[PDB]
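Participant: Each residue of the sequence shown is one higher than the one before, counting from 1 in the authors' numbering.
Have a look at this one.
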Amino acid sequence: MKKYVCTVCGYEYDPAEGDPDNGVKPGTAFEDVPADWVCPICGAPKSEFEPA
Ligand SMILES: [Fe+3]
Numbered sequence: 001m002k003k004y005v006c007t008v009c010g011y012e013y014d015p016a017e018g019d020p021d022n023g024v025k026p027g028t029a030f031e032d033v034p035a036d037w038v039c040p041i042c043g044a045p046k047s048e049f050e051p052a
């Protein structure tokens, strides 16, 4: 799918690996990531990401 970048710190969300530690299964499109999911490294909200 499409990777998304955290505009605050550069952390990249990769659909291919999801975020298992938070129940985000691999294959999860960023659009489908939980609304309250935040960037693992800076805490920024989903609204602060940008399609890469
Ligand atoms: Fe971040």
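Ideal Cβ placement from N, Cα and C applies to all residues, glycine included.
Could you check how far apart the C-beta atoms of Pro15 and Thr28 are, in whole angstroms? I think they sit under 8 Å.
Facilitator: Position 15 of the sequence shown, counted from the first residue, corresponds to residue 15. Position 28 of the sequence shown, counted from the first residue, corresponds to residue 28. Their Cβ separation, rounded to whole angstroms, is 6 Å, which keeps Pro15 and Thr28 in contact under 8 Å.
Participant: Measure the CB-CB distance between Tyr4 and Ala52 and report whether it falls below 8 Å.
Facilitator: Along the sequence shown, one-based indexing puts residue 4 at 4. Along the sequence shown, one-based indexing puts residue 52 at 52. Yes, the pair counts as a contact, with Cβ atoms nearer than the cut-off.
Participant: Is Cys39 buried or exposed, if buried means 16 or more other CB atoms sit within 10 Å of its CB?
Facilitator: By one-based count along the sequence shown, residue 39 stands at place 39. Classification for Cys39: buried.
Participant: When DSSP labels each residue in this structure, what does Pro20 get in the three-state scheme?
Facilitator: For the purposes of this step, residue 20 is identified with residue 20 of the sequence shown, where counting begins at 1. Looking at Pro20 - three-state DSSP - the assignment turns out to be helix.
Participant: Starting from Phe30, trace the beta strand (DSSP E) in both directions and tell me its first and last residue.
Facilitator: On the sequence shown, residue 30 is found 30 positions in, with the first residue counted as 1. Run containing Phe30: none; DSSP gives neither H nor E here.
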